[PDB]
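Undergrad: Take a look at my_file-v9.txt, compact mmCIF, C-alpha atoms and all ligand atoms:
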# COMPACT_ATOMS: atom_id res chain seq x y z
CA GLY A 250 117.35 163.06 57.36
CA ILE A 251 120.83 161.60 56.88
CA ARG A 252 122.13 159.75 59.93
CA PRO A 253 125.96 159.72 59.82
CA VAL A 254 126.49 156.22 61.18
CA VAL A 255 129.95 154.65 61.01
CA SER A 256 130.13 151.01 59.94
CA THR A 257 132.35 148.89 57.71
CA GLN A 258 130.11 146.01 56.67
CA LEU A 259 126.34 145.66 57.20
CA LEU A 260 125.10 149.23 56.75
CA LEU A 261 123.12 150.19 59.86
CA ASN A 262 120.21 152.68 60.38
CA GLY A 263 119.19 154.40 57.18
CA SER A 264 116.70 154.70 54.36
CA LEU A 265 115.51 151.51 52.69
CA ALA A 266 114.52 150.91 49.06
CA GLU A 267 110.93 151.26 47.87
CA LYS A 268 109.78 148.26 45.80
CA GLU A 269 112.63 145.72 45.42
CA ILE A 270 116.32 145.14 46.06
CA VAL A 271 118.44 147.67 44.16
CA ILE A 272 122.11 146.97 43.44
CA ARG A 273 124.51 149.90 43.01
CA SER A 274 127.90 149.50 41.34
CA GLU A 275 130.24 151.41 39.05
CA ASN A 276 131.31 148.93 36.36
CA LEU A 277 130.58 145.30 37.50
CA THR A 278 133.53 144.06 35.41
CA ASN A 279 136.66 144.79 37.44
CA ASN A 280 136.91 143.27 40.91
CA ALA A 281 138.06 146.46 42.66
CA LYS A 282 134.76 148.39 42.84
CA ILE A 283 132.68 148.03 46.01
CA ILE A 284 129.27 146.71 44.95
CA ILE A 285 126.57 148.21 47.19
CA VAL A 286 123.30 146.39 47.90
CA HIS A 287 120.31 148.42 49.11
CA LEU A 288 117.88 146.23 51.03
CA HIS A 289 114.09 146.48 51.04
CA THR A 290 113.21 144.87 54.39
CA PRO A 291 115.30 145.29 57.56
CA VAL A 292 116.70 142.46 59.68
CA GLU A 293 116.86 142.99 63.44
CA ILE A 294 120.25 142.96 65.18
CA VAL A 295 120.92 143.20 68.94
CA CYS A 296 124.27 143.25 70.77
CA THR A 297 125.16 143.14 74.49
CA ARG A 298 127.98 143.16 77.08
CA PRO A 299 128.80 142.10 80.68
CA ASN A 300 128.61 144.45 83.69
CA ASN A 301 131.60 146.65 84.44
CA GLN B 1 121.64 145.68 103.46
CA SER B 2 119.91 143.60 106.13
CA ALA B 3 117.72 140.52 105.69
CA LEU B 4 114.26 140.60 104.14
CA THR B 5 111.34 141.35 106.45
CA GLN B 6 109.17 138.37 107.37
CA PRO B 7 106.69 137.64 110.19
CA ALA B 8 107.40 135.24 113.02
CA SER B 9 104.72 132.58 112.52
CA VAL B 10 101.34 132.04 110.85
CA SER B 11 98.51 129.60 111.47
CA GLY B 12 95.30 128.49 109.83
CA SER B 13 92.62 125.85 109.80
CA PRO B 14 92.74 123.02 107.23
CA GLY B 15 90.97 123.96 104.02
CA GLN B 16 91.71 127.66 104.61
CA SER B 17 94.02 129.79 102.48
CA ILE B 18 97.04 131.49 104.05
CA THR B 19 99.28 134.28 102.73
CA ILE B 20 102.96 134.85 103.54
CA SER B 21 104.40 138.16 102.35
CA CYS B 22 107.89 139.67 102.23
CA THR B 23 108.63 143.39 102.05
CA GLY B 24 112.09 144.43 100.87
CA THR B 25 114.20 147.31 99.63
CA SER B 26 113.42 148.53 96.09
CA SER B 27 116.94 147.59 94.96
CA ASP B 28 116.29 143.92 95.86
CA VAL B 29 112.69 142.89 95.14
CA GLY B 30 111.06 145.95 93.56
CA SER B 31 113.56 146.13 90.68
CA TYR B 32 114.42 142.54 89.70
CA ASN B 33 111.81 139.81 89.28
CA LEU B 34 113.94 137.05 90.86
CA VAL B 35 112.12 135.71 93.94
CA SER B 36 112.04 132.10 95.13
CA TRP B 37 110.25 130.29 97.96
CA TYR B 38 111.74 127.65 100.23
CA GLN B 39 110.07 125.33 102.73
CA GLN B 40 111.91 122.78 104.83
CA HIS B 41 111.18 119.95 107.18
CA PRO B 42 112.85 120.10 110.63
CA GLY B 43 116.04 118.11 110.22
CA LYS B 44 115.94 117.93 106.41
CA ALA B 45 117.27 119.86 103.44
CA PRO B 46 114.90 122.46 101.94
CA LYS B 47 113.18 122.00 98.59
CA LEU B 48 112.39 124.51 95.85
CA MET B 49 108.81 125.79 95.58
CA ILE B 50 108.48 128.66 93.06
CA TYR B 51 111.08 129.54 90.39
CA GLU B 52 110.40 133.21 89.56
CA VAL B 53 107.73 135.46 91.11
CA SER B 54 105.16 133.06 89.59
CA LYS B 55 106.28 129.78 88.00
CA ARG B 56 105.62 126.09 88.63
CA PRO B 57 108.34 123.41 88.69
CA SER B 58 107.94 119.67 88.12
CA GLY B 59 106.76 117.48 90.98
CA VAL B 60 104.87 120.28 92.79
CA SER B 61 101.08 120.35 92.70
CA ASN B 62 99.07 123.47 91.86
CA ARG B 63 98.49 124.57 95.47
CA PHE B 64 101.18 127.29 95.65
CA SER B 65 101.15 130.51 93.64
CA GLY B 66 103.08 133.75 93.92
CA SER B 67 102.65 137.38 92.98
CA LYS B 68 104.45 140.71 93.29
CA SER B 69 102.99 144.17 93.94
CA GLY B 70 105.58 146.94 94.08
CA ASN B 71 107.95 146.13 96.94
CA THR B 72 105.88 143.20 98.29
CA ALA B 73 106.00 139.56 97.18
CA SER B 74 103.38 137.14 98.49
CA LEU B 75 102.74 133.39 98.39
CA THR B 76 99.23 131.90 98.41
CA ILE B 77 98.67 128.36 99.72
CA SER B 78 95.38 126.68 98.78
CA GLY B 79 94.10 123.56 100.51
CA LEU B 80 96.06 123.49 103.76
CA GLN B 81 96.70 119.95 105.01
CA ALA B 82 98.81 118.23 107.67
CA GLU B 83 101.79 118.22 105.27
CA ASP B 84 102.05 122.03 105.47
CA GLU B 85 104.07 121.90 108.72
CA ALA B 86 107.26 123.58 107.50
CA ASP B 87 109.36 126.75 107.68
CA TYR B 88 109.10 129.11 104.71
CA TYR B 89 111.85 131.45 103.50
CA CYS B 90 112.18 134.35 101.08
CA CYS B 91 115.21 134.88 98.89
CA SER B 92 115.90 137.27 96.03
CA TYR B 93 118.55 138.77 93.79
CA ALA B 94 120.05 141.74 95.63
CA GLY B 95 122.40 143.33 93.10
CA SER B 96 126.15 142.92 92.53
CA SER B 97 125.58 139.14 92.09
CA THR B 98 124.63 138.70 95.76
CA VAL B 99 121.65 136.69 97.01
CA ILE B 100 120.02 137.56 100.34
CA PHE B 101 117.62 135.45 102.39
CA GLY B 102 114.59 136.16 104.54
CA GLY B 103 113.86 135.49 108.19
CA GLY B 104 111.39 132.61 108.29
CA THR B 105 107.70 131.85 108.81
CA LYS B 106 106.70 128.71 110.70
CA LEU B 107 103.22 127.41 109.83
CA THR B 108 101.11 125.37 112.25
CA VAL B 109 97.93 123.42 111.54
CA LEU B 110 94.81 123.32 113.70
CA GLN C 1 119.62 109.78 89.52
CA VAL C 2 121.70 112.76 90.70
CA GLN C 3 123.04 113.29 94.21
CA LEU C 4 125.05 115.88 96.15
CA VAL C 5 126.88 114.22 99.05
CA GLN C 6 129.20 115.91 101.54
CA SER C 7 131.77 114.90 104.15
CA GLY C 8 131.10 113.94 107.75
CA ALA C 9 130.71 116.16 110.78
CA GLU C 10 133.71 117.94 112.28
CA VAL C 11 134.49 119.89 115.46
CA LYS C 12 137.27 122.49 115.62
CA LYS C 13 138.72 124.85 118.21
CA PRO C 14 138.55 128.65 117.63
CA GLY C 15 141.49 129.53 115.41
CA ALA C 16 141.48 126.63 112.94
CA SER C 17 140.35 126.12 109.34
CA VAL C 18 137.54 123.78 108.28
CA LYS C 19 137.32 121.99 104.92
CA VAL C 20 133.91 120.92 103.61
CA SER C 21 133.63 118.91 100.39
CA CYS C 22 130.63 118.49 98.09
CA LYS C 23 130.55 115.69 95.51
CA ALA C 24 128.06 115.94 92.63
CA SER C 25 127.33 112.84 90.57
CA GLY C 26 124.93 111.78 87.83
CA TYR C 27 125.23 114.95 85.73
CA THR C 28 127.80 117.19 84.06
CA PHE C 29 128.65 119.47 86.98
CA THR C 30 130.89 121.77 84.93
CA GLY C 31 127.82 123.28 83.24
CA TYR C 32 126.01 124.45 86.38
CA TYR C 33 126.74 126.95 89.14
CA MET C 34 127.30 125.97 92.77
CA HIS C 35 126.09 127.99 95.76
CA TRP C 36 126.94 127.42 99.43
CA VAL C 37 124.65 128.53 102.26
CA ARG C 38 124.81 128.47 106.06
CA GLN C 39 122.12 127.68 108.64
CA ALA C 40 122.62 128.38 112.33
CA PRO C 41 120.49 126.08 114.54
CA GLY C 42 117.21 127.85 115.23
CA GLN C 43 117.94 130.82 112.95
CA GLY C 44 117.34 131.33 109.23
CA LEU C 45 119.60 130.87 106.23
CA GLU C 46 122.71 132.92 105.43
CA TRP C 47 124.16 132.96 101.92
CA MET C 48 127.85 132.53 101.23
CA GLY C 49 129.08 133.13 97.70
CA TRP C 50 129.00 131.04 94.54
CA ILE C 51 131.64 129.25 92.48
CA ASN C 52 131.68 128.83 88.70
CA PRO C 53 133.28 125.40 88.09
CA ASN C 54 134.39 126.11 84.51
CA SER C 55 136.85 128.98 84.97
CA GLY C 56 137.07 128.81 88.76
CA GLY C 57 135.91 132.39 89.24
CA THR C 58 134.32 133.01 92.64
CA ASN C 59 132.31 135.72 94.34
CA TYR C 60 131.67 136.13 98.07
CA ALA C 61 129.06 138.04 100.04
CA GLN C 62 129.53 140.66 102.74
CA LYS C 63 130.80 139.68 106.25
CA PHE C 64 132.69 136.74 104.64
CA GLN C 65 135.20 138.39 102.27
CA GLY C 66 138.66 137.57 103.57
CA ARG C 67 138.31 134.30 105.47
CA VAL C 68 136.72 131.93 102.92
CA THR C 69 138.53 130.28 100.00
CA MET C 70 136.58 128.36 97.36
CA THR C 71 138.40 125.91 95.08
CA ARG C 72 137.32 123.07 92.81
CA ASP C 73 138.53 119.78 91.33
CA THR C 74 137.09 118.88 87.92
CA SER C 75 138.63 115.41 87.59
CA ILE C 76 137.29 113.91 90.84
CA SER C 77 133.93 115.81 90.73
CA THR C 78 134.21 117.63 94.07
CA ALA C 79 133.71 121.21 95.24
CA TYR C 80 135.82 122.52 98.13
CA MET C 81 135.41 125.24 100.75
CA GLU C 82 138.21 126.55 102.98
CA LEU C 83 136.86 128.63 105.88
CA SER C 84 139.65 129.78 108.19
CA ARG C 85 139.69 131.83 111.42
CA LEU C 86 136.75 130.04 113.02
CA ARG C 87 134.83 131.76 115.82
CA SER C 88 132.12 130.72 118.26
CA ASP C 89 129.43 132.33 116.08
CA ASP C 90 130.12 129.98 113.14
CA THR C 91 128.46 126.93 114.70
CA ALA C 92 125.96 125.92 112.01
CA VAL C 93 125.30 123.37 109.25
CA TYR C 94 126.70 123.91 105.75
CA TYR C 95 124.85 123.16 102.51
CA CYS C 96 125.96 123.09 98.87
CA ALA C 97 123.33 123.93 96.27
CA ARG C 98 123.21 123.82 92.47
CA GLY C 99 122.40 127.22 90.98
CA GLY C 100 121.58 128.25 87.43
CA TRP C 101 123.06 127.27 84.08
CA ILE C 102 126.43 128.49 82.81
CA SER C 103 125.32 130.00 79.52
CA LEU C 104 128.33 132.02 78.18
CA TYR C 105 126.09 134.86 76.94
CA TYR C 106 124.40 136.25 80.07
CA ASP C 107 125.06 136.44 83.81
CA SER C 108 122.99 133.64 85.37
CA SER C 109 125.13 133.53 88.52
CA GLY C 110 122.76 135.37 90.84
CA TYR C 111 119.62 133.46 89.87
CA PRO C 112 118.17 131.96 93.09
CA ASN C 113 117.07 128.61 91.65
CA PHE C 114 118.64 125.97 93.90
CA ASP C 115 117.14 122.69 92.71
CA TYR C 116 119.11 119.94 94.44
CA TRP C 117 120.73 120.24 97.85
CA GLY C 118 123.23 118.39 99.98
CA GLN C 119 122.35 116.65 103.23
CA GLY C 120 124.51 119.02 105.25
CA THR C 121 127.69 118.93 107.33
CA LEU C 122 127.46 119.70 111.05
CA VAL C 123 130.32 121.97 112.12
CA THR C 124 130.40 123.17 115.73
CA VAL C 125 132.91 125.32 117.61
CA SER C 126 133.56 124.95 121.34
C1 LIG A 401 121.53 135.82 71.65
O1 LIG A 401 121.18 134.53 71.16
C2 LIG A 401 121.61 133.43 71.98
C3 LIG A 401 121.19 132.17 71.25
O2 LIG A 401 122.30 131.41 70.83
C4 LIG A 401 121.01 133.55 73.38
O3 LIG A 401 121.58 132.56 74.24
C5 LIG A 401 120.55 131.71 74.79
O4 LIG A 401 119.84 132.33 75.88
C6 LIG A 401 118.78 131.52 76.41
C7 LIG A 401 118.08 132.33 77.47
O5 LIG A 401 117.20 133.28 76.90
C8 LIG A 401 119.33 130.19 76.93
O6 LIG A 401 118.22 129.38 77.28
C9 LIG A 401 118.43 128.72 78.54
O7 LIG A 401 118.96 127.42 78.28
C10 LIG A 401 119.16 126.58 79.43
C11 LIG A 401 119.82 125.31 78.95
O8 LIG A 401 118.79 124.42 78.53
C12 LIG A 401 119.32 123.43 77.63
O9 LIG A 401 119.93 122.39 78.35
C13 LIG A 401 119.09 121.69 79.32
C14 LIG A 401 119.95 120.66 80.03
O10 LIG A 401 119.92 119.39 79.34
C15 LIG A 401 121.02 119.23 78.40
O11 LIG A 401 122.30 119.72 78.91
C16 LIG A 401 123.13 118.84 79.76
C17 LIG A 401 124.47 119.53 79.91
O12 LIG A 401 125.13 118.97 81.03
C18 LIG A 401 123.23 117.45 79.14
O13 LIG A 401 123.99 116.61 80.00
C19 LIG A 401 121.82 116.89 78.98
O14 LIG A 401 121.88 115.52 78.59
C20 LIG A 401 121.04 117.72 77.98
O15 LIG A 401 121.71 117.54 76.73
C21 LIG A 401 117.83 121.11 78.61
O16 LIG A 401 116.93 120.62 79.59
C22 LIG A 401 117.14 122.20 77.75
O17 LIG A 401 116.05 121.64 77.04
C23 LIG A 401 114.98 122.61 76.98
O18 LIG A 401 115.02 123.32 75.76
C24 LIG A 401 114.88 122.52 74.56
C25 LIG A 401 115.09 123.42 73.37
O19 LIG A 401 115.43 122.61 72.25
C26 LIG A 401 113.49 121.84 74.59
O20 LIG A 401 113.35 121.01 73.45
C27 LIG A 401 113.34 121.01 75.88
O21 LIG A 401 112.05 120.42 75.94
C28 LIG A 401 113.64 121.84 77.14
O22 LIG A 401 112.54 122.74 77.28
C29 LIG A 401 118.14 122.89 76.82
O23 LIG A 401 118.56 121.89 75.90
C30 LIG A 401 117.80 126.34 80.07
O24 LIG A 401 117.96 125.50 81.19
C31 LIG A 401 117.20 127.70 80.48
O25 LIG A 401 115.94 127.52 81.09
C32 LIG A 401 116.04 127.85 82.49
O26 LIG A 401 116.21 129.27 82.69
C33 LIG A 401 115.07 130.14 82.47
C34 LIG A 401 115.50 131.52 82.87
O27 LIG A 401 116.18 131.42 84.12
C35 LIG A 401 113.88 129.64 83.30
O28 LIG A 401 112.76 130.47 83.06
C36 LIG A 401 113.57 128.20 82.89
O29 LIG A 401 112.41 127.75 83.56
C37 LIG A 401 114.76 127.30 83.18
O30 LIG A 401 114.89 127.30 84.59
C38 LIG A 401 115.75 126.21 84.98
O31 LIG A 401 116.93 126.71 85.55
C39 LIG A 401 117.89 125.75 86.04
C40 LIG A 401 118.48 125.01 84.84
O32 LIG A 401 118.80 123.68 85.23
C41 LIG A 401 117.25 124.84 87.10
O33 LIG A 401 117.12 125.54 88.33
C42 LIG A 401 115.85 124.30 86.65
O34 LIG A 401 115.97 123.13 85.84
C43 LIG A 401 114.96 125.36 85.99
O35 LIG A 401 113.91 124.62 85.37
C44 LIG A 401 117.09 128.65 79.28
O36 LIG A 401 116.09 128.12 78.43
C45 LIG A 401 120.16 129.49 75.86
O37 LIG A 401 120.82 128.34 76.38
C46 LIG A 401 121.22 130.43 75.29
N1 LIG A 401 121.97 129.78 74.23
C47 LIG A 401 123.18 129.24 74.43
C48 LIG A 401 123.82 128.60 73.24
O38 LIG A 401 123.73 129.26 75.53
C49 LIG A 401 121.29 134.93 73.98
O39 LIG A 401 120.58 135.09 75.20
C50 LIG A 401 120.88 136.04 73.01
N2 LIG A 401 121.24 137.34 73.55
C51 LIG A 401 120.41 138.39 73.62
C52 LIG A 401 119.02 138.19 73.10
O40 LIG A 401 120.78 139.47 74.08
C1 LIG A 402 126.14 146.09 87.65
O1 LIG A 402 127.19 146.80 88.31
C2 LIG A 402 126.75 147.96 89.03
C3 LIG A 402 127.99 148.62 89.59
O2 LIG A 402 127.71 149.92 90.08
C4 LIG A 402 125.74 147.57 90.11
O3 LIG A 402 125.20 148.77 90.66
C5 LIG A 402 125.26 148.79 92.11
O4 LIG A 402 124.23 147.98 92.73
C6 LIG A 402 124.26 147.99 94.17
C7 LIG A 402 123.16 147.06 94.62
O5 LIG A 402 123.21 146.85 96.02
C8 LIG A 402 124.10 149.42 94.69
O6 LIG A 402 124.20 149.41 96.11
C9 LIG A 402 123.11 150.16 96.70
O7 LIG A 402 123.42 151.56 96.71
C10 LIG A 402 122.37 152.41 97.21
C11 LIG A 402 122.80 153.85 97.02
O8 LIG A 402 121.91 154.69 97.75
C12 LIG A 402 122.12 152.05 98.69
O9 LIG A 402 121.05 152.82 99.19
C13 LIG A 402 121.79 150.54 98.82
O10 LIG A 402 121.63 150.20 100.19
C14 LIG A 402 122.84 149.65 98.13
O11 LIG A 402 124.01 149.71 98.93
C15 LIG A 402 125.16 150.32 94.08
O12 LIG A 402 124.97 151.68 94.48
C16 LIG A 402 125.12 150.24 92.56
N1 LIG A 402 126.14 151.09 91.97
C17 LIG A 402 125.89 152.33 91.54
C18 LIG A 402 127.06 153.08 90.96
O13 LIG A 402 124.77 152.83 91.61
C19 LIG A 402 124.60 146.75 89.50
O14 LIG A 402 123.75 146.26 90.52
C20 LIG A 402 125.14 145.58 88.68
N2 LIG A 402 124.05 144.87 88.03
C21 LIG A 402 123.62 143.67 88.44
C22 LIG A 402 122.49 143.08 87.66
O15 LIG A 402 124.12 143.09 89.40
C1 LIG A 403 134.56 150.18 32.87
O1 LIG A 403 133.46 150.66 32.06
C2 LIG A 403 133.84 151.10 30.75
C3 LIG A 403 132.59 151.64 30.09
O2 LIG A 403 131.65 150.60 29.85
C4 LIG A 403 134.47 149.95 29.98
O3 LIG A 403 134.90 150.41 28.70
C5 LIG A 403 135.66 149.38 30.75
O4 LIG A 403 136.17 148.24 30.07
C6 LIG A 403 135.24 148.99 32.17
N1 LIG A 403 136.39 148.53 32.93
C7 LIG A 403 136.79 147.26 32.96
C8 LIG A 403 138.00 146.97 33.79
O5 LIG A 403 136.21 146.38 32.33
Any chance you could put this one into structure tokens?
Ligand SMILES: *[C@@H]1O[C@H](CO)[C@@H](O[C@@H]2O[C@H](CO)[C@@H](O[C@@H]3O[C@H](CO[C@H]4O[C@H](CO[C@H]5O[C@H](CO)[C@@H](O)[C@H](O)[C@@H]5O)[C@@H](O)[C@H](O[C@H]5O[C@H](CO)[C@@H](O)[C@H](O)[C@@H]5O)[C@@H]4O)[C@@H](O)[C@H](O[C@H]4O[C@H](CO)[C@@H](O)[C@H](O)[C@@H]4O[C@H]4O[C@H](CO)[C@@H](O)[C@H](O)[C@@H]4O)[C@@H]3O)[C@H](O)[C@H]2NC(C)=O)[C@H](O)[C@H]1NC(C)=O
Ligand SMILES: *[C@@H]1O[C@H](CO)[C@@H](O[C@@H]2O[C@H](CO)[C@@H](O[C@@H]3O[C@H](CO)[C@@H](O)[C@H](O)[C@@H]3O)[C@H](O)[C@H]2NC(C)=O)[C@H](O)[C@H]1NC(C)=O
Ligand SMILES: *[C@@H]1O[C@H](CO)[C@@H](O)[C@H](O)[C@H]1NC(C)=O
TA:
Amino acid sequence: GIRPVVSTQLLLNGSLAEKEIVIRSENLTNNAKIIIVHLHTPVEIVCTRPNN
Amino acid sequence: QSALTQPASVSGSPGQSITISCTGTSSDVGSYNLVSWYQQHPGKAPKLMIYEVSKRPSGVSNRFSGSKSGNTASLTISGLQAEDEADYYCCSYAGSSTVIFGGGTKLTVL
Amino acid sequence: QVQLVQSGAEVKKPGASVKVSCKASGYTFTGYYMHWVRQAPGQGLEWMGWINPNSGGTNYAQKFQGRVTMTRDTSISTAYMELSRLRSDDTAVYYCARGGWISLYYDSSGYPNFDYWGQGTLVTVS
């Protein structure tokens, strides 16, 4: 099940890792490749609004 | 959109428990848990009794307690004395940031 | 400690505007709401709207929208009420009450927690 969420930073609802933090990157030498960090434990986030 | 329902007056002997209840529309009391109780002396400003449906403030002894059951909110007074001569009011959140008030119950001692 | 004092009594003819002040001292009044209520002699309590003394935004209840104006003065620590078009049914006593806490993250305006009250201003119409 792939949930097509749209987010720029702080990747929302999805599959976690399995045993530790896993870091995905292409080269790790040039500073133009987006290093991707796959977390192991989630951190809760909640957001609200006023009443239209 | 009218005021909350409340009886005219209640009475009881000293040392006897008394219950004052308010029945309101489900948009006012049955949905939100914001209910407060308000006694006053004749000729004086009223003072706050119960914060939410059941909460105790500072400076008030443990003789007043409140509860809610569906559309009804009630107040229980334990240990009625001669200082219970007052006029009790209901008030609640009514939606659209408007607060409505009840009619008034006058308590007499025996 | 903290006190909420008001102005003296006033009598007006039908067709005038009454100004009632409420001075709060002993605490930072810009961080708390302010509610005004009415009490006819012998009847219960009627609720007029609230004022938020930070941004000056006001709300009013039904049967009052159009003839009440609610302003504030931060520097001299007073809260004002301008009720115009007085009738014979407006003979009552007016109270100013301190509501919830201005919290910037949730709407605590309609919370009915009036801790500290004014001594009242007697306004009668003949
Ligand atoms: C996302 O996260 C954010 C977190 O950043 C969330 O925002 C937070 O939301 C909570 C509500 O869930 C708010 O809590 C509320 O805070 C107020 C303010 O209390 C503070 O100030 C009190 C006043 O004293 C200081 O302030 C004046 C300013 O003029 C100074 O002059 C004074 O000198 C003082 O400096 C102070 O008394 C409070 O102390 C209490 O808390 C501290 C914590 O550190 C304790 O140690 C103390 O012992 C003491 O317990 C505090 O510093 C509270 O007043 C609110 O409580 C009232 O409201 C409750 C709900 O209505 C009610 O159940 C309570 O009984 C209480 O009721 C009171 O209401 C009126 C207040 O005067 C009166 O009628 C009466 O006194 C009555 O008792 C509540 O705790 C946070 O403030 C808020 N954070 C910020 C930064 O605003 C946000 O909600 C989250 N969003 C989500 C999850 O969606
Ligand atoms: C947030 O804003 C919305 C705006 O719609 C508020 O909803 C409105 O709440 C009022 C409460 O009185 C509703 O009025 C009631 O309508 C019913 C309809 O049958 C009527 O029977 C009642 O006598 C009363 O007049 C109003 O309808 C409702 N709006 C809608 C579209 O349903 C809501 O209350 C606000 N939230 C808070 C916490 O204030
Ligand atoms: C990218 O990886 C290749 C293979 O290891 C390496 O030769 C190259 O130098 C890397 N790019 C940069 C900019 O270092």
Undergrad: With a distance threshold of 12 Å and counting only C-alpha atoms, extract the residues of chain C near chain A and express them as a count of residues only.
TA: 5
Undergrad: Here is a test: counting all atoms listed in the file, which residue of A:273, A:278, A:250, A:262 is nearest to ligand LIG 403 (chain A)?
TA: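 Looking at the shortest contact to ligand LIG 403 (chain A), the residue is A:278.
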Undergrad: Just want the residues within 12 Å of ligand LIG 403 (chain A), written as a list in words, counting only C-alpha atoms and all ligand atoms.
TA: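 Checked against 12 Å with only C-alpha atoms and all ligand atoms; the hits are residues 274, 275, 276, 277, 278, 279, 280, 281 and 282 of chain A.
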Undergrad: Using atom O24 of ligand LIG 401 (chain A) and CA of residue 52 in chain C as the two end points, give the distance in Å to one decimal.
TA: 16.0 Å
Undergrad: Let me have the centre and edge lengths in Å, one decimal, of the box along x, y and z around every listed atom of range 2-21 of chain C with 5 Å of margin on each side, as AutoDock Vina command-line options.
TA:
--center_x 131.6 --center_y 121.1 --center_z 104.5 --size_x 29.8 --size_y 26.8 --size_z 37.5
Undergrad: Which one is closest to residue 1 in chain C: C:69, C:116, C:121, C:98? Count only C-alpha atoms.
TA: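 Using only C-alpha atoms, residue 1 in chain C sits closest to C:116.
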Undergrad: Which residues are near ligand LIG 402 (chain A) in this structure, taking near to mean any atom at most 9 Å from a ligand atom and counting only C-alpha atoms and all ligand atoms? Format them as a list in words.
TA: residues 299, 300 and 301 of chain A; 1, 25, 27, 28, 32, 93, 94, 95, 96, 97 and 98 of chain B; 107 and 110 of chain C
Undergrad: Please produce, as JSON lines, a per-residue contact table for chain B versus ligand LIG 401 (chain A) (criterion: any atom at most 10 Å away, only C-alpha atoms and all ligand atoms considered), showing the nearest atom pair and its distance in Å to one decimal, sorted by chain then residue number.
TA:
{"residue": "B:34", "atom": "CA", "partner": "A:LIG401", "partner_atom": "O27", "distance": 9.1}
{"residue": "B:48", "atom": "CA", "partner": "A:LIG401", "partner_atom": "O33", "distance": 8.9}
{"residue": "B:51", "atom": "CA", "partner": "A:LIG401", "partner_atom": "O29", "distance": 7.2}
{"residue": "B:52", "atom": "CA", "partner": "A:LIG401", "partner_atom": "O28", "distance": 7.4}
{"residue": "B:55", "atom": "CA", "partner": "A:LIG401", "partner_atom": "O29", "distance": 7.8}
{"residue": "B:56", "atom": "CA", "partner": "A:LIG401", "partner_atom": "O29", "distance": 8.6}
{"residue": "B:57", "atom": "CA", "partner": "A:LIG401", "partner_atom": "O35", "distance": 6.6}
{"residue": "B:58", "atom": "CA", "partner": "A:LIG401", "partner_atom": "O35", "distance": 8.2}
Undergrad: Write a file of the just-selected residues containing C-alpha atoms, as an mmCIF file, keeping the file's coordinate frame.
TA:
data_model
loop_
_atom_site.group_PDB
_atom_site.id
_atom_site.type_symbol
_atom_site.label_atom_id
_atom_site.label_comp_id
_atom_site.auth_asym_id
_atom_site.auth_seq_id
_atom_site.Cartn_x
_atom_site.Cartn_y
_atom_site.Cartn_z
ATOM 1 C CA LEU B 34 113.940 137.050 90.860
ATOM 2 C CA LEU B 48 112.390 124.510 95.850
ATOM 3 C CA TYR B 51 111.080 129.540 90.390
ATOM 4 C CA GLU B 52 110.400 133.210 89.560
ATOM 5 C CA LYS B 55 106.280 129.780 88.000
ATOM 6 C CA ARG B 56 105.620 126.090 88.630
ATOM 7 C CA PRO B 57 108.340 123.410 88.690
ATOM 8 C CA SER B 58 107.940 119.670 88.120
#
Undergrad: What gap, in Å, lies between CA of residue 82 in chain C and CA of residue 67 in chain C?
TA: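 Separation between CA of residue 82 in chain C and CA of residue 67 in chain C: 8.1 Å.
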Undergrad: What is the CA of residue 22 in chain B to CA of residue 37 in chain C distance in Å?
TA: 20.1 Å
Undergrad: Which residue gives the smallest distance to chain C among B:19, B:110, B:14, B:37, with only C-alpha atoms counted?
TA: B:37
Undergrad: Per residue of chain C within 7 Å of chain B, record the nearest atom pair and its distance in Å to one decimal, counting only C-alpha atoms, with rows in chain order and ascending residue number, as a Markdown table.
TA:
| residue | atom | partner | partner_atom | distance |
| --- | --- | --- | --- | --- |
| C:44 | CA | B:103 | CA | 5.5 |
| C:45 | CA | B:101 | CA | 6.3 |
| C:46 | CA | B:101 | CA | 6.4 |
| C:47 | CA | B:100 | CA | 6.4 |
| C:61 | CA | B:98 | CA | 6.2 |
| C:109 | CA | B:97 | CA | 6.7 |
| C:110 | CA | B:97 | CA | 4.9 |
| C:111 | CA | B:93 | CA | 6.7 |
| C:112 | CA | B:36 | CA | 6.5 |
| C:113 | CA | B:51 | CA | 6.2 |
| C:114 | CA | B:48 | CA | 6.7 |
| C:115 | CA | B:48 | CA | 6.0 |
| C:117 | CA | B:45 | CA | 6.6 |
| C:119 | CA | B:45 | CA | 6.0 |
Undergrad: Hey, can you spit out that residue selection with C-alpha atoms as a tab-separated table (two decimals), in the coordinates of the input?
TA:
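Here's the written file again-v6.tsv:
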chain	number	residue	atom	x	y	z
C	44	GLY	CA	117.34	131.33	109.23
C	45	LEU	CA	119.60	130.87	106.23
C	46	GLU	CA	122.71	132.92	105.43
C	47	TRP	CA	124.16	132.96	101.92
C	61	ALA	CA	129.06	138.04	100.04
C	109	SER	CA	125.13	133.53	88.52
C	110	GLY	CA	122.76	135.37	90.84
C	111	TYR	CA	119.62	133.46	89.87
C	112	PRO	CA	118.17	131.96	93.09
C	113	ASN	CA	117.07	128.61	91.65
C	114	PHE	CA	118.64	125.97	93.90
C	115	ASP	CA	117.14	122.69	92.71
C	117	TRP	CA	120.73	120.24	97.85
C	119	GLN	CA	122.35	116.65	103.23
